[PDB]
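Peer 1: model the following, please.
(13 chains, ligands or ions: 13)
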Amino acid sequence: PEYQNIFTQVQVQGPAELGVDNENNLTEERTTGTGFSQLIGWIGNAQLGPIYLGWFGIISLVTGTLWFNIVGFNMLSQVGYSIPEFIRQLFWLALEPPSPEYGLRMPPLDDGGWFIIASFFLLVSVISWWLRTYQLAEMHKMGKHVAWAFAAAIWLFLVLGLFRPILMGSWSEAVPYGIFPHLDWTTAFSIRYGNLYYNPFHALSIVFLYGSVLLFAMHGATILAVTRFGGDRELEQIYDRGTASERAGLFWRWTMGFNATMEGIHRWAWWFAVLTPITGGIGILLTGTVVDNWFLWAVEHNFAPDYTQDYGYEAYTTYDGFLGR
Amino acid sequence: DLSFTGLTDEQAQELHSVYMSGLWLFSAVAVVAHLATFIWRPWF
Amino acid sequence: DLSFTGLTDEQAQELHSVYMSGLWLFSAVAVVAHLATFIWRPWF
Amino acid sequence: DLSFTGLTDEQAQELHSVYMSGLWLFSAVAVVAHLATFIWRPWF
Amino acid sequence: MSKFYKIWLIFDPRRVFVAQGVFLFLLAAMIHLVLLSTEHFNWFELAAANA
Amino acid sequence: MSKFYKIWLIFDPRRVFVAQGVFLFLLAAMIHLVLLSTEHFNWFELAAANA
Amino acid sequence: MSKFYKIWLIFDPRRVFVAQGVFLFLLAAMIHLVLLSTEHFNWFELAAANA
Amino acid sequence: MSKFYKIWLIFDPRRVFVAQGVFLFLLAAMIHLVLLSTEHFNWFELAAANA
Amino acid sequence: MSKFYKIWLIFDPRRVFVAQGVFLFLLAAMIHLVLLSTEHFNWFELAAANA
Amino acid sequence: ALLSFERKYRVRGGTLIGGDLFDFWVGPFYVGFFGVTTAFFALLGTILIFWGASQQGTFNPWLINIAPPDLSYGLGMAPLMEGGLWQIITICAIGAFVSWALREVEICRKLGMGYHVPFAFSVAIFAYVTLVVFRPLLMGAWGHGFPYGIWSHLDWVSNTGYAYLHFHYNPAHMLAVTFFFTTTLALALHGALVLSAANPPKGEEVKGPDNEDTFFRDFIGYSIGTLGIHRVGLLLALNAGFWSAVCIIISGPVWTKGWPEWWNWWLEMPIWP
Amino acid sequence: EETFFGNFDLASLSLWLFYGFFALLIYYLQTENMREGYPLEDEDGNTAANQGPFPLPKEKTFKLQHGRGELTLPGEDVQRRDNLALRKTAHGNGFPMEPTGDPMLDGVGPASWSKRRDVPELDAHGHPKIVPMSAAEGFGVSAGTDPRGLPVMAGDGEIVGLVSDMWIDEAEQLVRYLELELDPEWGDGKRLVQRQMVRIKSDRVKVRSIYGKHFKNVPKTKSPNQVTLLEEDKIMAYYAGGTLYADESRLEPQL
Amino acid sequence: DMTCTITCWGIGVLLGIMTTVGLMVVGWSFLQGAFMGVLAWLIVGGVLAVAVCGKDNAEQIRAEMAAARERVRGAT
Amino acid sequence: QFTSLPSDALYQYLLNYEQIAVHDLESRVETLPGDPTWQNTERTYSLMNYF
Ligand code: BCL
Ligand SMILES: CC[C@H]1c2cc3[nH]c4c(c3C)C(=O)[C@H](C(=O)OC)c4c3nc(cc4[nH]c(cc(n2)[C@@H]1C)c(C(C)=O)c4C)[C@@H](C)[C@@H]3CCC(=O)OC/C=C(/C)CCC[C@H](C)CCC[C@H](C)CCCC(C)C
Ligand SMILES: CC[C@H]1c2cc3[nH]c4c(c3C)C(=O)[C@H](C(=O)OC)c4c3nc(cc4[nH]c(cc(n2)[C@@H]1C)c(C(C)=O)c4C)[C@@H](C)[C@@H]3CCC(=O)OC/C=C(\C)CCC[C@H](C)CCC[C@H](C)CCCC(C)C
Ligand SMILES: CC[C@H]1c2cc3[nH]c4c(c3C)C(=O)[C@H](C(=O)OC)c4c3nc(cc4[nH]c(cc(n2)[C@@H]1C)c(C(C)=O)c4C)[C@@H](C)[C@@H]3CCC(=O)OC/C=C(\C)CCC[C@H](C)CCC[C@H](C)CCCC(C)C
Ligand SMILES: CCCCCCCC/C=C\CCCCCCCC(=O)O[C@H](COC(=O)CCCCCCCCCCCCCCCCC)COP(=O)(O)OC[C@@H](O)CO
Ligand SMILES: CCCCCCCC/C=C\CCCCCCCC(=O)O[C@H](COC(=O)CCCCCCCCCCCCCCCCC)COP(=O)(O)OC[C@@H](O)CO
Ligand SMILES: CCCCCCCC/C=C\CCCCCCCC(=O)O[C@H](COC(=O)CCCCCCCCCCCCCCCCC)COP(=O)(O)OC[C@@H](O)CO
Ligand SMILES: COC(C)(C)C(=O)C/C=C(\C)CC/C=C(\C)CC/C=C(\C)CCCC/C(C)=C/CCC(C)CC/C=C(\C)CCC=C(C)C
Ligand SMILES: COC(C)(C)C(=O)C/C=C(\C)CC/C=C(\C)CC/C=C(\C)CCCC/C(C)=C/CCC(C)CC/C=C(\C)CCC=C(C)C
Ligand SMILES: COC(C)(C)C(=O)C/C=C(\C)CC/C=C(\C)CC/C=C(\C)CCCC/C(C)=C/CCC(C)CC/C=C(\C)CCC=C(C)C
Ligand SMILES: COC(C)(C)C(=O)C/C=C(\C)CC/C=C(\C)CC/C=C(\C)CCCC/C(C)=C/CCC(C)CC/C=C(\C)CCC=C(C)C
Ligand SMILES: COC(C)(C)C(=O)C/C=C(\C)CC/C=C(\C)CC/C=C(\C)CCCC/C(C)=C\CCC(C)CC/C=C(\C)CCC=C(C)C
Ligand SMILES: [Fe+3]
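Peer 2: Numbering: from 1, shown residues only, chains lettered A, B, ... in the order given. Ligands and ions are numbered 1, 2, ... in the order given. For reference, the structure is listed below:
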């Protein structure tokens, strides 16, 4: 068969790239030192490093490591400082949010005080990484699309951890820090408030998540099929249209009746991805504060199906007949 | 004389005559069918 | 004269007269239907 | 003369003649089948 | 009106005819299906009842 | 007014005509369906009641 | 009514014939299945009952 | 008030006309639907109770 | 009726024969399977039952 | 109507079957042999869905429900009202999907492109055939498929997960969810980077790939590149769909108990004291 | 919590507000993707009667680098081909076209190229982006099999020449083209092959798209040290057209 | 030398299969033996692709390269 | 039951008498302090896994 372009046939290596610069002097804060990995180079670039160190990144790293160690040390102390048991039950341990009886006041350190101190350090860390993403575009003289897309996910992060507990009146509404314990929180949250399937904004979030994954399968596949015409050099195709863009557009035009442009497909991708956490956060913010049972809400608004048949195994079979006796 | 489709006035008249002639037969058949249906199961 | 579409004054006038004729015919048919329906099953 | 397909007047008449002759062979067969079905199991 | 024939100086007949055919078939199917969803006008069930 | 025809010096007739054609049918279908959801104006059930 | 042949000055027979060929067979298959899904007109069940 | 005509030196009439038409129809539909949700102003239900 | 040969002036026989063969075989297989899906017309069950 | 550059690409040839008997366009759509089979199957399926809706008694799009048969029918055929319409519609849908893929193949062949898109669509076809054909055949009855209803195919999902108590603890479902979330984070990043390169602040010049590579090494110390990102996005999406099919086919025919209990092998490993 | 009227509460208001916003967003997204290829035309080059339901967008300007100027879109089509050797197979619209002469030499069908700028693409420093390896300071093969010196085999099984060099993109550190020296029996000079159309093995390099007799008509670059965008498009389209035009059995139905 | 790396990864896969069957004879269950088999594969096959495939062939070439690295340092 | 859910069930439910129901029986209610939360839902989930 013809070459498919998933793995590079032959690799070439030269002097390491140190990056572009302008009057903002980005070189002063960049680390010196690079590496090369030939295992990764079969798929993408092989160069590793360098990285930029500002104050936002340093503060984010320090405060995020603090959160990690308060959780990790609390988990270790819960087990009696037993390392083999610590390893055995790693997926099951967690740092639990406070009890409902304390409201929005400060709880005892044994019952959620360490959870609140660690939550304040994770908050600070996340907002600092976002200020770094905005500053680097400003310093690079580019648009701020990356920062906006990151703030879209930060919106749902803050709704889950900060806004909804305050509007509900209890710190006990927050998510625990654990692997399995956080999945139990998801199931219990869905059960407690009826059925989360019948929340319309949950359905919209699912729509946009499905749409975003369908679009990277379509966009990745389309770009890999026009790489024999230079289609992976997208910016120059935007500035000077070539045959790769024409064939890529005509494929979808002949397939489903409409198509996009080289620049305009990325706007579609940006919006579908961004719309998932926005609708998700709007849906989460309305639960408990407005609607308490989503299935009864669906029955009220007439989109709940009805079934005619009966319930029970003996309406369909017999216990002896299911055993072969 | 405005024209987006490239047709002339005379061509448009000739086309419209046949279009209306073919539209009247469809209506006559539908009227007969509706009369037969009303005689079997009235609805008013 | 101002023109965003490319037509002239005369073409716009001629188009508008033929549009208004069909609007009036549609309205008359609707009026007859509404009066018959009111006679059959009155509202108000 | 208006012609989007490029056919002349006589070619269209020839094609129409043959088309309408297959519409009548299909309609007659359908009519006989419907008569037999109605005799077998009426529905009106 | 006498000037309605000018509608073909604006719309192309090739697209209009296809759209009208699709619309008419869909409307006929919708009505024939709506009649079958009731009890008084379902002829398949009426033929069984007068059996 | 006597100068309403100048609306065709602002809007393209083709796009307006297609939009109006869609809008009128959708509105008529919506009204015909709203009447069928009531008790006093559903003619299919009225026909069965008087049969 | 006598000028209907002019329809072939608008539409090429090659596209129209394949559209009609798809449409006709689709209709036939559907009516046979709507008939096969009733109690009164299922001819496979009638032969089993009348036996 | 004499100089309100200069609003068309700021806004493009082609955009404003489309936006105004959509806004007006949507507002009228919303008001008509809000009236039907009450009991004292629902004319379909009023008609049934007067017969 | 005597001019139905002209169908070969519109459609190429090479590409028509393959499609006709595929259609015919698929239709025959579907009908045989539909018969096998019943009780009265399943000839494999009948031989076991009769003997 | 054609685009300004489309006429030179509309040539004859490149069909798998049919020759020039179906080699034409209707509007923007291309038709071929697989365009005629797609139209037939899809129209038949939709008409049967609406006939079933008429017989059910409601035309509300939220409430239409066409369901598979009872488990007592096994792998046989049910009466058309008690679940047979579902079987016919399933056959029609399989035919329509396969015809769509084979039509994309012909379009690719005519344009002289690679065949990546039909191959990617084959993965989604495989996840659907696993849900309506493979799991049901293995489990022994067609009644294990999900129903065709906008709000009734979510009830099926809910009941099928609680039939294994706590579905979050399924090992292959955890892999599949991770793949989904990673594809969305990578799509967001890629779109943002390209748009920020092509749309600078007012009064500035546009940027090139060098600038994009630099921003990402400054941000996180690594850059995959303009060619690697598309390979990685495709691989992530295809891995997401493959692992989804696995998570469902093991839940029924391979495992019967709750999914938390499956983790017992880790909790009682002999090394632990 | 209470309702405003009937069953209408805060969730319903939020849902309808999102409905309106999403309709406006769909309008914006569809309008943004119409900056190339419009207005629509018919099969004879005239403007079509139908232009669709969405109007065209207003103009945007791009300020290019290295003093190349400004780009305003939507605008006139500057990448349009002038004299295409094509023939209509029908009198109306919707039917394919037939080549008048040699499709591979005339650049039609899957061999079509777009009239791009006649200058090479530049990197950040203003230098040509794609350079032969024999002039690229510091570069070497770090992984895989080196194809230099291996013979090249065509799609019908003929040896046409040897690989002499590789052309690399130095900014992204990637091989873009392979340079082939032809034997006298199969032509003269040097030709280029894009990397995505070859399979490099241990003893040979395989190009399946075209045959041996097609190797003399591959377009040639003007300078031996740089290649412009137009030449790149013509070279890549030539190889792409062979997947359909190399043999008559590749064009007929496979059945 | 990507062909020696793939060989070394395959010997790791084969050692993993053998680790599963051996623990099962001694009393462990499949999944317990297969977790240990996966780690044998990844640790050992990785170690051998660094060590064995990094003893690349060169003979007096190896010597001079090393004696010259020993000249870089000394003035570094 | 191989989860991280509370191991407090079977003692608050089958030895003492605590409430197992957690659901609100209206679409919209006014939440008060002392009403069931998701923490109680997890204990009920542990009891149901035991069942
Ligand atoms: C019993 C289970 C319930 C259920 C309960 C919930 C609950 C509860 C929620 C979801 C939510 C979601 N559900 Mg649900 N859900 C169910 C069934 C499903 C099904 C299905 C059956 O197929 C699907 C496809 C989904 C899918 C989804 C997503 C569409 C959505 C999450 C949005 C998002 O952006 O996620 C991606 C996640 C994020 C953006 C989180 C933000 C991450 C932040 C930004 C990370 C910061 C950095 C970090 C701290 C640093 C780490 C360290 C670094 C290495 C340095 N659900 C059933 C009904 N679902 C959520 C939602 O929005 O509801 C509307 C939600 O809260
Ligand atoms: C969602 C995307 C994730 C991501 C990816 C990512 N980051 C990366 C990489 C990748 C794929 C690297 O390969 C690169 C690296 O070398 O890591 C060790 C790196 C990196 N990301 C970093 C930072 C970083 N990334 C972050 C985020 C993320 N990056 C996400 C988690 C963050 C936070 C908190 O958001 C931070 C602070 C550094 C740990 C590192 C910066 C690279 C660097 O400084 O390289 C210096 C060069 C070297 C000499 C070190 C290379 C090691 C070897 C001695 C070189 C020889 C190579 C060998 C053959 C293989 C080993 C390499 C392996 C990574 C395969
Ligand atoms: C639009 C919604 C989608 C989205 C987008 C998105 N996420 C983003 C962004 C965007 C646009 C960023 O710009 C930002 C980023 O930096 O991306 C590379 C990011 C990001 N999204 C992340 C996570 C994440 N996003 C998620 C979701 C999503 N994000 C959605 C799918 C999810 C989930 C649950 O699905 C997760 C888990 C991070 C990788 C990153 C945010 C980085 C950040 O804020 O980091 C704070 C850092 C610390 C905690 C301090 C460091 C302490 C560490 C515990 C250890 C040391 C660091 C080390 C490098 C890691 C360990 C590795 C070792 C080998 C060294
Ligand atoms: C990695 C796998 C991802 C993927 C890939 C994928 N899908 C694809 C492609 C690719 C690469 C295309 O090229 C192709 C395309 O053309 O996209 C525009 C497509 C496509 N995938 C689509 C949708 C889709 N993809 C989905 C998901 C995914 N597809 C994955 C995330 C989903 C969901 C549920 O998440 C959906 C809904 C289509 C828009 C499209 C092309 C399918 C198509 O048009 O098929 C032809 C059929 C018809 C036009 C109608 C068929 C009618 C039937 C006979 C009757 C209907 C019966 C049905 C089963 C009822 C279901 C009811 C529900 C309420 C349950
Ligand atoms: C109710 C109507 C649909 C029928 C109901 C069943 C199907 C429902 C599912 C999906 C509908 C998709 C239908 C799209 C078909 C398009 C056909 C086509 O081709 O139409 C084009 C016109 O269309 C377009 O230009 C693209 C339209 C958008 C595509 C779909 C977007 C899906 C976005 C989000 C996901 C959707 C989930 C919902 C989120 C709910 C949110 C609350 C004619 O050609 P054109 O040349 O492009 O004209 C334009 C220009 O050029 C003028 O010149
Ligand atoms: C074959 C069997 C079919 C299979 C049967 C299965 C049934 C369902 C499958 C498909 C349904 C789609 C059918 C529509 C396709 C029409 C064909 C087409 O598009 O034909 C074009 C003609 O255009 C049109 O007819 C325009 C269509 C308008 C689309 C609406 C836009 C938004 C729509 C949606 C937004 C979604 C948001 C949420 C939704 C909720 C809210 C809607 C020829 O184009 P042309 O001649 O090249 O040029 C002209 C061009 O520019 C534009 O006029
Ligand atoms: C709640 C959702 C309901 C379901 C989905 C439909 C609504 C979604 C929106 C749009 C649907 C597509 C309809 C609009 C586009 C059609 C193409 C079109 O307009 O074609 C025109 C011909 O038409 C007209 O002149 C307008 C009249 C349209 C009337 C039909 C309404 C369809 C209405 C509904 C569907 C079928 C009903 C019949 C079955 C019953 C229900 C089961 C050719 O002229 P042209 O060359 O295009 O003009 C050039 C111009 O473009 C320059 O710019
Ligand atoms: C009860 O409530 C519900 C919602 C359920 C409803 O049922 C509501 C229903 C509606 C609101 C329904 C509304 C329906 C309509 C508005 C229907 C309108 C229908 C038409 C206008 C149909 C017109 C058909 C016209 C035809 C077929 C005319 C002519 C055709 C031809 C003449 C073909 C031949 C053409 C030739 C030869 C032209 C060539 C000429 C040359 C000169 C070349
Ligand atoms: C009760 O509450 C609810 C919400 C349920 C409601 O039902 C509320 C409903 C509403 C609020 C409804 C509101 C409805 C409207 C405002 C409707 C308005 C409708 C119109 C203005 C319709 C106008 C139609 C006009 C027509 C059809 C006119 C002419 C057509 C033609 C003449 C066609 C021929 C054209 C030609 C030949 C062009 C000439 C060309 C030349 C070149 C000269
Ligand atoms: C119960 O209600 C439901 C919904 C279930 C329904 O079933 C509703 C159903 C409908 C609404 C159905 C509607 C059905 C129609 C509108 C049907 C229309 C049917 C036709 C118009 C059929 C036409 C058939 C025509 C034929 C067969 C013509 C010709 C055949 C030939 C072989 C002619 C050959 C031609 C040649 C050789 C031309 C060569 C000539 C040259 C000059 C080269
Ligand atoms: C009860 O509480 C709830 C929330 C339910 C409410 O209902 C609250 C509601 C509100 C708060 C409502 C608020 C409503 C408004 C603010 C409404 C405003 C309405 C208008 C300003 C309406 C303006 C209408 C104007 C019209 C119809 C103009 C028409 C003009 C033309 C037809 C002329 C066209 C122009 C031409 C031809 C220009 C000439 C062209 C040349 C080239 C010279
Ligand atoms: C001991 O061993 C060492 C030293 C190696 C360790 O350190 C080991 C460490 C570990 C083994 C750590 C393991 C950690 C985990 C398993 C962590 C899991 C974490 C999560 C799943 C976290 C989810 C967090 C949050 C969620 C889901 C949503 C929202 C949260 C927030 C918005 C939080 C922000 C909080 C705010 C704003 C409140 C602050 C309070 C104020 C008063 C300002
Ligand atoms: Fe891209």
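Peer 1: contacts only, for the residue of chain M found nearest ligand 12.
Peer 2: Relative to ligand 12, the nearest point of chain M is residue M:4 (11.8 Å; CB to the nearest ligand atom). For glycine as for every other residue, the C-beta is placed from the backbone atoms N, C-alpha and C. By CB atoms under 8 Å, 6 or more residues apart in numbering or on different chains, the residues touching residue M:4 are A:92, A:94, A:178, A:180-181, A:184.
Peer 1: nearest to chain E among those residues?
Peer 2: For these, the closest approach to chain E (CB to the nearest CB) belongs to residue A:184, at 46.4 Å.
Peer 1: surely the closest one and residue M:3 touch.
Peer 2: Yes - between residue A:184 and residue M:3 there is a contact under CB atoms under 8 Å: 6.8 Å.
Peer 1: pull up the overlap in contacts between these two.
Peer 2: Counting by CB under 8 Å, 6+ apart, the shared contacts of residue A:184 and residue M:3 are residue J:166.
Peer 1: can you show me the CA trace of stretch K:70-79 as PDB?
Peer 2: Provided in PDB are the C-alpha atoms of stretch K:70-79 (Å, rounded to 0.1, in the frame of the first residue of the first chain):
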ATOM      1  CA  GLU K  70      -1.700  43.100   2.800                       C
ATOM      2  CA  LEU K  71      -4.500  40.600   2.100                       C
ATOM      3  CA  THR K  72      -8.200  41.500   2.100                       C
ATOM      4  CA  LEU K  73     -10.900  38.900   2.100                       C
ATOM      5  CA  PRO K  74     -13.400  38.200   0.700                       C
ATOM      6  CA  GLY K  75     -12.000  39.500  -2.600                       C
ATOM      7  CA  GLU K  76     -11.100  38.500  -6.200                       C
ATOM      8  CA  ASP K  77      -9.800  35.000  -6.900                       C
ATOM      9  CA  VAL K  78      -6.000  35.500  -7.600                       C
ATOM     10  CA  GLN K  79      -5.300  31.700  -7.700                       C
END
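Peer 1: show me what counts as buried in it.
Peer 2: By 16 or more other CB atoms under 10 Å in any protein chain shown, the buried positions in stretch K:70-79 come out as K:71, K:73-74, K:79.
Peer 1: number of nearby residues for the nearest residue to residue L:49 once chain neighbours are set aside?
Peer 2: Spatial nearest neighbour of residue L:49, chain neighbours left out: residue L:8 (4.2 Å); criterion: CB to CB, 6 or more residues apart in numbering or on different chains. Burial of residue L:8, expressed as a neighbour count using other CB atoms under 10 Å in any protein chain shown, amounts to 19.
Peer 1: how close does the residue of chain M most remote from its centre sit to residue M:21?
Peer 2: For chain M, the residue at maximal distance from the C-alpha centroid (CA atoms, centre = their mean) is residue M:28, at 20.4 Å. Distance of residue M:28 to residue M:21, given as CB to CB, to the nearest Å: 19 Å.
Peer 1: would you map the strands across chain E?
Peer 2: For chain E, no strands are identified by DSSP state E.
Peer 1: quick check: longest helix of it.
Peer 2: helix E:13-36 (DSSP state H).
Peer 1: please enumerate the helices of the stretch 1-150 of chain K.
Peer 2: K:10-32, K:103-106 (DSSP state H, counting those that start in this stretch).
Peer 1: contacts only, for residue 33.
Peer 2: In the absence of a named chain, chain A is used. Counted by CB under 8 Å, 6+ apart, residue A:33 has contacts A:49-50.
Peer 1: switch to chain E, please.
Peer 2: So residue E:33 contacts J:50-51, J:54 (CB under 8 Å, 6+ apart).
Peer 1: now do residue B:5
Peer 2: Each residue near residue B:5 by CB under 8 Å, 6+ apart is listed here: E:8-13, K:49.
Peer 1: same check, this time on residue A:127
Peer 2: residue A:154.
Peer 1: most proximal residue of the stretch 151-273 of chain J with respect to chain D?
Peer 2: residue J:152 (33.4 Å).
Peer 1: ok, that residue touching residue J:62?
Peer 2: No - using CB under 8 Å as the test, residue J:152 is too far from residue J:62 to be in contact (9.4 Å).
Peer 1: so what's the residue farthest from the centre of chain M closest to, chain neighbours aside?
Peer 2: Of all residues not flanking residue M:28 in the chain, residue K:1 sits nearest, at 4.7 Å (CB to CB, 6+ apart).
Peer 1: okay, now the closest residue to ligand 6 within chain M: neighbour count?
Peer 2: Of all residues in chain M, residue M:27 sits closest to ligand 6, at 26.5 Å by CB to the nearest ligand atom. By other CB under 10 Å, the residues close to residue M:27 number 21.
Peer 1: chain L: helices as residue ranges?
Peer 2: L:3-26, L:30-51, L:61-72.
Peer 1: same question, chain M
Peer 2: M:38-50.
Peer 1: how close does the residue in chain J that ligand 5 sits nearest to sit to chain C?
Peer 2: Nearest residue of chain J to ligand 5 (CB to the nearest ligand atom) works out as residue J:28 at 6.4 Å. Separation of residue J:28 from chain C (CB to the nearest CB, to the nearest Å): 26 Å.
Peer 1: go on, residue A:273?
Peer 2: Here the criterion is CB to the nearest CB. By it, residue A:273 lies 38 Å from chain C.
Peer 1: was I right about that residue contacting residue J:184?
Peer 2: Yes - Residue A:273 lies in contact with residue J:184 (CB under 8 Å); the separation is 5.4 Å.
Peer 1: and those two? which has more neighbours close in?
Peer 2: Higher neighbour count among residue A:273 and residue J:184: residue A:273, with 29 against 25, using other CB under 10 Å.
Peer 1: tell me which of the helices of the stretch 1-150 of chain K sits nearest to ligand 9.
Peer 2: Closest of the helices of the stretch 1-150 of chain K to ligand 9 is helix K:10-32, at 14.6 Å (criterion: CB to the nearest ligand atom).
Peer 1: got the angle between the closest one and helix H:13-36?
Peer 2: 160 degrees (axes from the mean of the first three to the mean of the last three CA atoms, to 10 degrees).
Peer 1: for helix K:10-32, packing partners?
Peer 2: The contact analysis (3 or more CB pairs under 8 Å, 6 or more residues apart in numbering or on different chains; DSSP states H and E) places helix K:10-32 against helix A:200-225, helix A:264-285.
Peer 1: now the angle from the shortest one to helix A:200-225?
Peer 2: What that stands for is helix A:264-285. Orientation check (the same axes, to 10 degrees): helix A:264-285 against helix A:200-225 gives 160 degrees.
Peer 1: gap between residue K:206 and residue K:107?
Peer 2: Distance from residue K:206 to residue K:107, by CB to CB: 25 Å.
Peer 1: more neighbours: those two, which one.
Peer 2: residue K:107 (22 against 16).
Peer 1: what about the nearest residue to the more buried one once chain neighbours are set aside, neighbour count?
Peer 2: Among residues not flanking residue K:107 along the chain, residue K:113 sits closest, at 5.3 Å (CB to CB, 6+ apart). Each residue near residue K:113 was counted by other CB under 10 Å, and the total is 26.
Peer 1: how about residue J:237?
Peer 2: 29.
Peer 1: again with residue A:132
Peer 2: What residue A:132 shows, counting by other CB under 10 Å, is a neighbour count of 19.
Peer 1: so which helix or strand takes in it?
Peer 2: Using DSSP states H and E, residue A:132 sits within helix A:113-140.
Peer 1: who are the packing partners of the next helix or strand after that helix?
Peer 2: Sequence-wise, the next helix or strand downstream of helix A:113-140 (DSSP H and E) is helix A:145-158. Applying 3+ CB pairs under 8 Å, 6+ apart, one finds that helix A:145-158 makes contact with helix A:113-140, helix A:264-285, helix J:171-198.
Peer 1: and the second one, is it in reach of chain M?
Peer 2: No - counting by CB under 8 Å from any CB of the partner chain, chain M is not contacted by helix A:264-285; separation bottoms out at 13.1 Å.
Peer 1: elements contacting that helix?
Peer 2: Secondary elements touching helix A:264-285 (3+ CB pairs under 8 Å, 6+ apart): helix A:145-158, helix A:164-168, helix A:200-225, helix J:171-198, helix K:10-32.
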